[PDB]
Structure formats: structure tokens, C-alpha cells
Number of protein chains: 2
Amino acid sequence: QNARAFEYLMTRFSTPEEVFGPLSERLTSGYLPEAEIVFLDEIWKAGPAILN
Amino acid sequence: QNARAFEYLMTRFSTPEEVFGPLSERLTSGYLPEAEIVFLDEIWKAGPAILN
């Protein structure tokens, strides 16, 4: 009844401020921490900050 | 009869606030969400936030 989708493509130069939301305290409105179903395309190529 | 054009060149340091419109809730007057035909030159060099 209450589910929010999230589509994102992990790149080699992607930053954590774009997947979960940028900080100001972190503007995470509609991203990953508040999403029922998340989709991450191509996970075998992200940076070390996203894997941590 | 009612079509708005949009010419933009994607750069390596481009920000989403210049393509879709800067926020104040987002001043998207004449950008991409309200445009019939959009043009993006050199798409193989944009940032990860605008590509997603």
C-alpha cells in the first residue's frame, strides 16, 4: 500500500551524495533510506565509498 | 503548435541545477521537465547525477 521505488545506475565516478541524498542534516527525501524497494543497476563497478 | 526547444552541452563538471533548473520548489521555467524537444550535445561526458 505504501511503497516507494528507486532506480539508480552505479557508475565508477558516483558519489554517495547522489544515491542516499546530499547533506546540508542529510536531505534524504525520496532516495534509499526511506524506500521500500530500491534498484541498483550494474553493482560490479561502483567506487569504494559506495561499497562501504 | 506549442513546442519549446532546449539546447545544452553536457560537460564533465555539469550540475543538475543547470539542466533541469535550479531549486529555491525547483525553478524549472523553460528547461527540461516542461520542454517538447530537448537537445543534449556530447552525452558521453556528463556527470553521474545527471545521467541517472
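State all residues of the range A:7-18 that are facing chain B (nearest Cβ under 9 Å) and within 12 Å of the chain's Cα centre (by Cα); if no residue qualifies, say none.
The first filter runs over the range A:7-18 and keeps only residues facing chain B (nearest Cβ under 9 Å), leaving A:7-15, A:17-18.
Passing the criteria: A:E7, A:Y8, A:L9, A:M10, A:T11, A:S14, A:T15, A:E17, A:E18.
Report yes if some residue within the range B:8-30 is in contact with a helix residue (DSSP H, G or I) (Cβ under 8 Å, 6 or more places away or on another chain), polar (S, T, N, Q) and either farther than 21 Å from A:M10 by Cβ or assigned to a loop (DSSP other than H, G, I, E, B) (or both); otherwise report no.
yes
Does A:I50 meet the test of being of a type in the set (V, I, T), outside any strand (DSSP E or B) and more than 22 Å from B:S14 (Cβ to Cβ)? Before you say what the answer is, go through the steps one by one.
Numbers: of a type in the set (V, I, T): yes; outside any strand (DSSP E or B): yes; more than 22 Å from B:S14 (Cβ to Cβ): no.
Criteria not met by A:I50.
Being in a loop (DSSP other than H, G, I, E, B) and acidic (D, E) is the filter; apply it to the range A:31-47 and report the residue that is farthest from B:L23 (Cα to Cα).
Initially, the range A:31-47 is screened for residues in a loop (DSSP other than H, G, I, E, B), giving A:31-38, A:42-47.
Now drop any that are not acidic (D, E), which leaves A:34, A:36, A:42.
Values: A:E34: 22, A:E36: 26, A:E42: 30 Å.
My answer is A:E42.
Go through A:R26, A:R12 for me and flag whichever is among the basic types (K, R) and surrounded by 12 or more Cβ atoms within 10 Å (Cβ to Cβ). Show your work before the answer.
Values: A:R12 fails: surrounded by 12 or more Cβ atoms within 10 Å (Cβ to Cβ).
Exactly one residue qualifies, and that residue is A:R26.
Neighbour counts run over all protein chains shown; Cβ positions are idealised from the backbone, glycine included. Where a number appears in this text, it was derived from the coordinates with a stated rule and is not lab data.
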